[PDB]
2 protein chains.
Amino acid sequence: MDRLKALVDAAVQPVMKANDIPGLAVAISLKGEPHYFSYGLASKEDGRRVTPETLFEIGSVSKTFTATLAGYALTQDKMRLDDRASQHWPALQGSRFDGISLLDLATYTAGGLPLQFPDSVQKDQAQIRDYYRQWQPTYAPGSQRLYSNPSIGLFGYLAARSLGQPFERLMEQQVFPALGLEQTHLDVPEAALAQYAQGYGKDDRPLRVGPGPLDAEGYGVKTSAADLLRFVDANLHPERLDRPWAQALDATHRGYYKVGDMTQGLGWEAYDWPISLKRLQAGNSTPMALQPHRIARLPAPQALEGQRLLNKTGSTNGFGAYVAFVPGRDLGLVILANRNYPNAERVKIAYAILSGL
Amino acid sequence: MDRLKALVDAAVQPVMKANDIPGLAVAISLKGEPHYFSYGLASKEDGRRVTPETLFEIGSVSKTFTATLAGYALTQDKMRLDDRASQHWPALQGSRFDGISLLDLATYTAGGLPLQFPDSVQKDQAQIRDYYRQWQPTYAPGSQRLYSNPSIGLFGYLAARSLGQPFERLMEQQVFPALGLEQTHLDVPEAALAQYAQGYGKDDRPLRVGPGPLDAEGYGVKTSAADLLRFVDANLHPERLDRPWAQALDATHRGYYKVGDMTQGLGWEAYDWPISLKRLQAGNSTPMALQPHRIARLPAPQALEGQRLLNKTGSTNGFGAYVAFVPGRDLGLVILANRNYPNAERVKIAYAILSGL
Ligand SMILES: *C(=O)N1C[C@H](NOS(=O)(=O)O)CC[C@H]1C(=O)NOCCN
Ligand SMILES: *C(=O)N1C[C@H](NOS(=O)(=O)O)CC[C@H]1C(=O)NOCCN
Ligand code: NI
Ligand code: NI
């Protein structure tokens with residue numbers, strides 16, 4: 001494995017140095033076997049080292065887990081993607097969500113739901129409900145992609161409602177276990193807190209993510225490199241799971257439209273593979289997150305398999321994560337850092353590694 | 001026996017409906033007498049009905065047969081569980097299998113051998129050998145249980161080598177006949193193909209298991225409900241076979257360590273009986289098959305008899321099998337289906353039946 005070791009060292013170390021990244025865990029799945037590389041410090045104050053068991057905040061990578069729950073709800077015939085959103089929450093009946101579908105919410109095409117909830121919306125059922133009740137669209141549903149936590153957040157919350165339980169309960173009791181995961185959480189238990197890395201912000205201050213409205217659905221997962229690769233491996237081989245959970249994962253591997261080179265799935269975003277580093281970086285750039293883009297809608301849902309790269313970026317104030325896999329090559333990659341360093345740099349590491357596998 | 005009929009019907013029918021199972025064969029050994037219940041279709045195409053003679057793929061239940069061959073090798077003083085793996089295959093000498101025991105391989109504690117051979121390893125001796133020669137442990141031997149086909153596959157293969165014959169020949173010529181079995185096969189003969197059920201996959205496609213490296217050892221057995229109950233009955237009363245085969249069966253009823261509620265034997269996995277449905281389901285859950293678990297090693301091997309439930313689950317892309325017995329209550333159960341439906345559902349059927357006996 002010294003060959004893989006040399007490749008990963010060469011990819012990681014220059015970027016860790018250039019971005020002053022205290023700690024970074026890599027997990028690679030190659031030819032059906034895991035490989036771990038654990039760099040630096042989980043905490044600068046007490047000098048705890050990064051291991052494959054260190055817990056990191058993965059931020060928006062959480063959307064892939066949220067998509068998995070929604071996938072399950074489909075397999076159980078509890079909801080359908082063409083359902084009107086308000087079908088699954090009576091409180092929204094009569095609002096604009098009578099005419100917005102679950103698919104629109106999942107794929108950020110509801111009509112201009114913002115990146116975040118207004119700063120005034122606290123983590124509170126009534127305030128979240130009221131926000132959606134009063135929300136006035138900027139566009140007609142299904143025409144403009146605008147990356148949005150309130151959009152996919154609602155999708156996840158409605159999936160939970162369709163299954164008749166809180167989102168958090170379903171994730172902790174059903175989803176994580178069904179995926180073969182045991183070190184993956186929405187709220188890190190007391191027993192595992194010693195594994196929780198410290199995050200380091202823009203100003204080098206220690207930071208951990210605080211609560212917010214629909215945080216669990218949008219950006220709330222904490223996990224290790226080892227457990228996140230287990231998730232990637234389930235995505236590569238959904239047959240490691242029970243039938244309905246295999247089907248749930250399959251549902252997150254279906255593309256609905258294109259923006260530039262990117263095909264939008266549930267949570268996952270896909271690309272042809274190979275693709276240039278420059279194009280992959282463009283798909284993961286700040287304008288992709290912050291600008292609205294017209295969508296090019298596929299005539300039918302497209303299976304995101306074969307020679308394709310499926311990926312997701314995620315950040316919190318103190319953390320930067322990236323996950324990617326190539327279904328047709330059985331390659332899987334996880335890079336978790338305890339600094340929020342640029343998306344382009346994460347893609348740089350991933351590309352250098354994947355290019356050499 | 002309409003009373004047993006009422007119990008079995010009530011346990012089976014709802015689960016068949018819920019999981020869209022085309023065909024399911026139940027065989028129960030109660031107080032030393034067999035009872036068969038045969039539901040639905042062995043093939044949806046030609047409407048052939050399930051009978052106690054229908055052949056199903058039992059997947060990982062095959063491991064109990066593999067363990068029995070190893071049990072025989074032990075009785076014939078051809079190998080010992082403490083033996084270094086490479087003692088029984090000179091080709092592995094100089095590899096990590098110089099420091100891994102037969103017991104490690106049998107009980108999935110070699111140090112991180114994966115669930116499956118990499119898809120790139122073909123059913124070929126050289127490729128299988130090279131895989132093992134190049135393999136590097138994630139963990140120290142004897143410390144972590146990670147369920148693995150290459151692991152127990154090697155155990156069975158090495159047992160065969162110790163006896164001086166191919167694994168397939170030993171199973172067909174010696175093991176199956178010794179157990180009184182005539183409808184149990186690694187490869188179904190032409191004469192019996194009309195009995196071989198069609199399997200039905202995740203997507204409802206007609207599926208039968210295809211060849212793979214060490215498939216015979218890990219998951220390759222096809223058998224009927226009647227023949228598999230005959231095997232269960234041999235397990236309940238080993239003294240019913242020739243002395244060496246009685247001893248071979250006894251060897252598979254010895255526990256070496258615990259993980260949660262489960263005591264690990266050779267092939268067989270054991271629990272106290274009675275135990276809650278919830279706990280029995282956890283023992284047969286996805287995290288059990290996919291997560292590494294630190295083992296709690298027993299001071300000496302524990303005889304798996306009296307008030308205990310010994311069981312094994314098994315699946316292929318198109319089939320789902322479950323077998324269980326309670327030595328101290330002389331109870332035996334076989335449930336074979338031609339759909340790979342969730343482990344928890346199989347346990348639900350079995351628990352409902354066993355609790356009513
Ligand atoms: C997800 O991690 N997001 C969404 C967005 N950036 O998109 S990404 O480049 O695809 O990750 C803004 C940052 C981030 C969060 O919202 N993270 O949650 C912590 C602050 N709300
Ligand atoms: C055995 O049937 N296995 C082992 C594993 N699941 O464990 S079990 O729940 O104890 O059965 C994965 C699936 C399955 C197979 O490997 N089946 O053979 C076909 C794929 N190699
Ligand atoms: Ni594959
Ligand atoms: Ni008895």
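So, how was this worked out
Residues numbered from 1 in each chain as written, not as in the entry; some residues may be left out. Chains lettered and ligands numbered in written order. Heavy atoms only, no water. UniProt positions renumbered as here; feature names shortened; annotations may be inferred. Donors = N, O, S within 2.8 Å, 3.2 Å for Na, K, Ca; no water. Helix = DSSP H or I, 4+ residues; strand = E, 2+ residues; numbered from the N terminus. Buried < 20%, exposed > 50% of the residue type's maximum accessible area, 1.4 Å probe, protein only. Contact = heavy atoms within 4.5 Å. Polar contact = N/O pair within 3.5 Å; in protein donor to acceptor, adjacent residues only side chain to side chain. Buried area = accessible area lost by both parts, 1.4 Å probe. Salt bridge = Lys/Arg side-chain N within 4 Å of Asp/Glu carboxyl O.

- Method information in the entry identifies X-ray crystallography as the source of the structure, with 1.6800 Å recorded as the resolution.

- If you look chain A up in the PDB entry, it shows as Beta-lactamase from Pseudomonas aeruginosa.
- What the PDB record gives as the title of this entry is "Crystal Structure of OP0595 complexed with AmpC".
- Of chain A, the UniProt comment under Function (literature references left out) reads exactly: "Class C beta-lactamase which confers resistance to penicillins and cephalosporins (By similarity). Has nitrocefin-hydrolyzing activity."
- Here is the UniProt Subcellular location comment for chain A, exactly as written: "Periplasm".

Brief notes about the coordination of the nickel ion (ligand 3)
Part 1 of the reasoning: On the protein side, the nickel ion (ligand 3) has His237(A) (NE2), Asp330(A) (OD) and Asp119(B) (OD) as donor atoms, found 2.6 to 2.8 Å from it. Of the two residues, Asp330(A) is situated in the loop between β14 (320–326) and β15 (331–337) and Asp119(B) in the loop between α3 (102–106) and α4 (125–134); the pairing between them involves two chains.
Part 2 of the reasoning: What makes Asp330(A) buried here is its relative accessible area of 17%.
Part 3 of the reasoning: Taking the relative accessible area as the measure of exposure, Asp119(B) reaches 61% and is therefore exposed.

Re the UniProt feature "binding site: a beta-lactam" in chain A
Residues and elements named next belong to chain A.
Part 1 of the reasoning: According to UniProt, the feature "binding site: a beta-lactam" maps to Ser60, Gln116, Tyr147, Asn149 and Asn340 in the numbering used here.
Part 2 of the reasoning: Relative to the helices and strands, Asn149 resides in helix α5 (residues 149–163).
Part 3 of the reasoning: Judged by relative accessible area, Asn149 falls into the buried class, the value being 8%.
Part 4 of the reasoning: Not counting chain neighbours up to four residues away, the residues in contact with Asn149 comprise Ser60, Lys63, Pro114, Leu115, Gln116, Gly218 and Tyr219.
Part 5 of the reasoning: In contact with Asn340, not counting residues within four places along its chain, are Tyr200, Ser315, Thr316, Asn317, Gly318, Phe319, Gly320 and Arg346.
Part 6 of the reasoning: Polar contacts involving the side chain of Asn340 include one to the side chain of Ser315, which spans 3.5 Å.

Focus: the UniProt feature "active site" in chain A
Residue and element names in this part refer to chain A.
Part 1 of the reasoning: Under the UniProt annotation, "active site" lies at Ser60 and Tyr147. In three dimensions, the annotated residues from a span of 88 residues occupy one location, with a maximal C-alpha spread of 10.7 Å.
Part 2 of the reasoning: Among the polar contacts made by the side chain of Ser60, one reaches the side chain of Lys63 at a distance of 2.9 Å.
Part 3 of the reasoning: Within the secondary structure, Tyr147 is located in the loop between β4 (144–145) and α5.
Part 4 of the reasoning: The buried category is assigned to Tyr147, whose relative accessible area is 8%.
Part 5 of the reasoning: Those residues in contact with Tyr147 that lie beyond four places of it in its chain are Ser60, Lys63, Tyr108, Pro114, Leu115, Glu269, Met288, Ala289 and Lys312.
Part 6 of the reasoning: Within the structure, the side chain of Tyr147 is placed 3.0 Å from the side chain of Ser60, a separation counted as a polar contact.

What about the interface of chain B and chain A?
One frequently used descriptor of interface size is the decrease in accessible area upon assembly of the parts.
Part 1 of the reasoning: In this assembly, 22 residues from chain B lie in contact with 23 residues from chain A.
Part 2 of the reasoning: Considering only the side of chain B, the residues that lose the most area to chain A are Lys202(B), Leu290(B) and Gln291(B), jointly responsible for 35% of the buried surface there.
Part 3 of the reasoning: Inspection of the chain B/chain A interface yields 1 salt bridge.
Part 4 of the reasoning: Of the charged contacts, one joins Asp250(A) and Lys202(B) as a salt bridge, the two residues approaching to 2.9 Å between their closest N and O atoms.
Part 5 of the reasoning: Residue contributions to the side of chain B that touches chain A peak at 3 residues, all from helix α11 (residues 286–290) of chain B.

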